[PDB]
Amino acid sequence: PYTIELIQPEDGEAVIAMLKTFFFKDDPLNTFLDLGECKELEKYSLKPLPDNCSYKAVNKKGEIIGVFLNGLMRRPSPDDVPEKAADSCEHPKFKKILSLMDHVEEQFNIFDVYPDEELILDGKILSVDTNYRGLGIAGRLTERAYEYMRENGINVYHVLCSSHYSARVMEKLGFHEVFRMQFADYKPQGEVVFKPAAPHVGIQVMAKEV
């Protein structure tokens, strides 16, 4: 038995402890790179918390067994200066992940898909404790975000998935692909950067209109 609760920034340490145990070690990109200690990813993960739309799954003992960290994304201003997230990163392995993210954003803008939308919910970090996987926790974390969206007049939930495996979970939850890129085709400087196992395939950006 578990609950789904809003994460407070004072939960930051417990969220990071959980992510270090699971996500830092078992997201397909993190594990491919053997990420290790990564304070930049800790910083990245804590950033969306004050947006007040991130959720934790908590077991009967009060331990965090899952999180979905979300941030609000606003349509770029007409005079927007696009910045590469990778430019502010010192960690070489995480920089590769940020560079991949920058590349996706250079190729695909979710706001082009939804010209009328000013604000979109962005699902940034999804992680469930191994012993609690396959129980629908990812779905219940996601569903709680629908409540936030309803309350705040947000229509679109956008989630960049790091593998076809997790994209399939989002499909089950009613999301559909809006962009994809195979790892085999991601060659920023002429050569492949990510070579995880074949079934991962590549990134898929998933979206749902609620």
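Note that residue numbering begins at 1 and tracks the sequence as displayed.
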| task | Please work out which of 80-88 and 125-133 has the higher mean CA B-factor as recorded in the PDB entry. | result | 80-88
| task | Look up the CA B-factors in the entry and say which stretch, 43-51 or 65-73, has the higher mean. | result | 43-51
| note | In this crystal structure's PDB entry, the residue among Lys56, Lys60, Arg180, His176 with the greatest CA B factor is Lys60
| Checking the entry, which one of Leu29, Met170, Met149, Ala184 has the top C-alpha B factor? | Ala184
| Chain third (lowest, middle, highest) by recorded CA B-factor, residue given as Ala198 | highest
| query | Considering only modelled residues of the same chain, in which third does the CA B-factor of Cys38 rank: lowest, middle or highest? | reply | middle
| If you rank the chain by CA B-factor, which third does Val192 end up in: lowest, middle or highest? | highest
| task | Would you mind checking where the Cα B-factor of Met206 ranks among the modelled residues of its chain, as the lowest, middle or highest third? | result | lowest
